[PDB]
């Protein structure tokens, strides 16, 4: 069964720099990792805005084909709505897409893997790991 949801920041970081430290974690936890459809939208955007969309898109599609992509459903949206209010009423900012990724994981009990721990630590009830 799945265990980790990779954040958008760690995906870009991995796609760009392909670091061996993250390669170890990927080989070790292969099959237990997923991304939010929100993250898929961001990297497809990163590809389409490049000077070589089809090329960069093709390395995106190879990365995605190795992980499950989870649809952002009513459960994810519900938890995200909670998180937006839980953060608002404590004044701690988190970016809009990161809120949606946060709620998707919490809705399923998944561990967020991110290199931006300072923001995701602002979300209540969510487990964070840094694989970078």
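Numbering follows the first chain given and starts at 1.
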{"item": "55 to 63 versus 98 to 106 - which carries the larger mean C-alpha B factor in the record", "value": "55 to 63"}
{"item": "Given 78 to 86 and 45 to 53, the range whose Cα B-factors average higher in the PDB entry", "value": "45 to 53"}
{"item": "Third of the chain, ranked by Cα B-factor, where residue 126 sits", "value": "lowest"}
{"item": "Entry-reported Cα temperature factor of residue 11, expressed as the chain third it lands in", "value": "middle"}
{"item": "Cα B factor band for residue 1 (lowest, middle or highest third within the chain)", "value": "highest"}
